[PDB]
Structure formats: structure tokens, C-alpha cells
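In C-alpha cells, one chain follows: the form deposited in one PDB entry.
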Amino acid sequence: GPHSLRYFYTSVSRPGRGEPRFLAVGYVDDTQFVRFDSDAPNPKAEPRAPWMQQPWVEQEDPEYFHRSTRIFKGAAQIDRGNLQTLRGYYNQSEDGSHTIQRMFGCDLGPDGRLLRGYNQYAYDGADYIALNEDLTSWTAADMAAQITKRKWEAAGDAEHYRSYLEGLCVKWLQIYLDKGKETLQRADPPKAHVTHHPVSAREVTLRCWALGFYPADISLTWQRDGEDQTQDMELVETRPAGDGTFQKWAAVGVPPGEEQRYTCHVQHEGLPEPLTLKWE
């Protein structure tokens, strides 16, 4: 199935309070595996999954962390420059805090070949420049980013991203999926139950719970006699349990006595077949 390797770079200026801070995190699918923080005393790339703390890493590259460290310190340095130049482009005072984000990686087909590369930037939370899926031209969001586009196009920067994607990106994603097989590929189903919560004479809340599922992707819906109630149900965002699984619920207010007319539907890649369940 379709897997992804994504790094997330955030730098934030702090006028007066000192030098910009830089944070990086790497994910495979919904699973974080590394972190970096330019404010840590002797700052290094740090494993943040168990399957990154295991001897295979040394064996594939004994310089894994030192190299990742080197690259994050580079990215951190470049972003300190980006924050100065973006002030200029936008004609901003030195006084306010601003933010540069970068999100990059690759998706793999079930073919297991490169499906798609990403390399995109935001400034103060808004779309700045993104590499197009040709992997040669950039989409500038505004007239500041157009300067960046002219510069990067003229220097052929896109090419260095291309070969990272076609080289290292796919290569390491397959390594991670292999070595992290038990965590990354082994997909825990939701354990689902319905709870019953009186509100008044007129409505009882039927809340459908999905707990302990990985990956985060799920569909959680109430139907009355086969008819979807999506427009008239309460559905929280999928939220992390804290143990690397996710939680979700969907609630519907129904007349008391009507409880067995409602069926909760749960679909998740970890289920042999879609769960259907009811009150008690």
C-alpha cells in the first residue's frame, strides 16, 4: 500500500530574545522517527521510535545520526538566512516574529517505486513556494516568492531535490518500512464500543468510540435504518492516544426507545471486514 516519508522544518524568529530557533521532525506515515531542536545544548538528530533504536541502523550506515545532525544544522543555518531575506522581500520591520516552514519527502506506489515527491514552503502560515510534480518548475504564491522562483529556476536548484528524491528518499523509506515492519506495516484495528448518555426526555446521545487503531485513517458514521446521518452527527478530529494509536468518536442524539434503529459503522485498513455495532 501507499507509504510516505515526510520531514517538517519549522524556524521562528524571536526579535530581541536571541537567534532563530529551528525544529525538524521525520515521520513515516503517521509515525514519528526523528527530531532536531537548535536550542538543545549539544544538538543532534534523536531517534523517537523504538525501531530507530536497534543495531540494523549502525549496520546500514554507522554515521546515520552524525549525517542527519550535519544536514539539520545546515537547514537551521539556511533558515536563519531565509528569515532575514523574507523580511526584505515583504518589506517587514525587524520587530515582529515570523515563521518559515518546509515540508518535503516522497510517496511510494504499491509498485514500491516513487509515486510523488513534495518540497513546499510557507511563510507566516501561508503558501510561499512549492516544487511542482514535474520536479523542475516552482509555483510562487505571490510576488516575493516569484523572486525565489526566478533565483532557484536560474541556478537549477530543483535538480538537487530531484536526485535526493530519486536517490536517498525512496531508498530510506523502503529501509524504514522493512526494519520498522512490526510497527509501520502491522496495522492495529479499532476496538469499537457504543456508550449511551441521557440528555433529556427527548434525546439520548449514542456515541460510537474507535480506540487503539493505527494508522490514523478511519471512517466512523451513524446510519438510521440504512440512511447516513453525517449532516446531523457530532464527529471529533482523530486524536492520538499517546501510545502511537489514535481515537475518534461520532455522536447522534436519538429519541429514547429508537436506540436499535441506529448502527455505527467502522471501516479501517486493520479490519478483516467493516464493523457494524449498536447500543449494548
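The first residue of the sequence shown is number 1, and the count goes up from there. Note that the rigid core is defined as the largest set of C-alphas that superpose within 1.5 Å between two forms.
- Here 134-142 and 108-116 are compared by their mean Cα B-factor, and 108-116 comes out higher.
- Set 222-230 against 41-49 and average the Cα temperature factors; 222-230 ends up higher.
- The PDB entry gives the largest Cα B-factor of the residues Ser200, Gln101, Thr195, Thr148 to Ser200.
- The PDB entry gives the largest Cα B-factor of the residues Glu159, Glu182, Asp127, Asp79 to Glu182.
- Split the chain's modelled residues into thirds by C-alpha temperature factor. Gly96 is in the middle one.
- Sort the modelled residues of the chain by CA B factor and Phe213 lands in the middle third.
- Among the modelled residues of its chain, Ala187 has a C-alpha B-factor that falls in the highest third, as given in the PDB entry.
- When the CA B factors of the chain's modelled residues are split into thirds, the value for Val28 lands in the lowest one.
- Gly88: CA B factor lies in the middle third for its chain, per the PDB record.
Keep in mind that the form deposited in another entry is not shown, yet the notes after this line are about it.
- Once you line up the core between this form and the one not shown, the CA of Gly112 is the only one from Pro198, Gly112, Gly167, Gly125 that shifts by 2 Å or more.
- Relative to the superposed core, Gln54 undergoes a Cα shift smaller than 2 Å between this form and the one not shown.
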